[PDB]
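Chain letters run A, B, ... following the sequence lines, proteins first, then strands; residues in each count from 1. Order of listing sets the numbers, starting from 1, for every ligand and every atom in it.
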Amino acid sequence: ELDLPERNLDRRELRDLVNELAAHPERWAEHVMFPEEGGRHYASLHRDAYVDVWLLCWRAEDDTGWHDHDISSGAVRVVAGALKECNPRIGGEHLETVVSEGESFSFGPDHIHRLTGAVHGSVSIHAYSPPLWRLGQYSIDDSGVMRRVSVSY
Amino acid sequence: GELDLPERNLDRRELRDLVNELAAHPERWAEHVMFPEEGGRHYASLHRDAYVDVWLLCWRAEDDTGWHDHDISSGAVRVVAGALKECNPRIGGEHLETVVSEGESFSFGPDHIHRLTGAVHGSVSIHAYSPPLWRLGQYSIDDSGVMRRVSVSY
Ligand SMILES: [Cl-]
Ligand SMILES: [Cl-]
Ligand SMILES: [Mg+2]
Ligand SMILES: [Mn+2]
Ligand SMILES: [Mn+2]
């Protein structure tokens, strides 16, 4: 568990949190894992009524798929390696940005994105407030029509 | 007024049955038909409880829902009079459009993204959602073209 405030954090406070956590490897180093399993490894660092914090360790294959975080704001800090964040554009030519170690970003509740194209062994820290208990996963039937499946987390 | 329904969330076909059952019973909704004369569509709640959410809608030719989802709510719609256009979004920008005419009904599961437009002035429709429609996602686009989803509370 982390020792965080007993309230919701806005996106700039989430960004401060993921960046200060990056500078405190004591909070997360023991949770760094890359399975011979295949499959993306998650590690929860903190979950309470206000904030969720995760440590993600990325393989080159990992893809979040398109999704929003319902009512959760969030922030991401890349600790090692690099990620690609994709934002959806009506038309099909999505904007893609590479986020490298040391760099971070934040988003509000209306955000839709996809995190993918990771360097193998990449590590990142993700923080959400309110907690990420629901997320919407966007899919496309081969008829082209998009849907949003709201999933627990 | 109370509705004799299972004490649970209803699937999309049970909602469709419900809206068609209600349509065939004018005694329950004819009272509440009223067509407004500015922007705001006129909504009339026929029944809301812990499982279901039933509305009577009266459309003007302008009325547009905008692109939106219903979060985790399944839904059904029966057009009582007039006609509605149901748009479904496609990647590529060429969205699917379907005219739903008086007497016809459709239903959808909880993953549905659509847009409803009044295709004929004076139209009347009955909508049912389950679970209740407490939050809705309304999609918008920047000039940049990037899509966002604003979770609204109705
Ligand atoms: Cl994220
Ligand atoms: Cl609807
Ligand atoms: Mg009831
Ligand atoms: Mn995300
Ligand atoms: Mn709708």
> Can you name the residues that form a ring-ring contact (aromatic ring centres under 6.0 Å, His included) with A:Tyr153, not counting sequence neighbours?
Replying inline: A:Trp54

> Linking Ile, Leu, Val, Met, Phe, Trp and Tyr by side-chain heavy atoms under 4.5 Å, what else ends up with B:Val146?
Replying inline: A:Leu95

> In terms of ring plane angle, is the pair A:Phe107 and A:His69 parallel, tilted or perpendicular, where the classes change at 30° and 60°?
Replying inline: parallel

> Is it true that a side-chain atom of A:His67 and a backbone atom of A:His113 form a donor plus acceptor pair closer than 3.5 Å?
Replying inline: yes

>> For the metal site, I want the angle between atom NE2 of B:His70 and atom NE2 of B:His114 with the Mn ion (ligand 5) at the apex, to 10°.
In response: 90°

> Is any N, O or S atom of B:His112 under 2.8 Å away from the Mn ion (ligand 5)?
Replying inline: no

> Measuring to the Mn ion (ligand 5), does B:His68 have an N/O/S atom at a distance below 2.8 Å?
Replying inline: yes

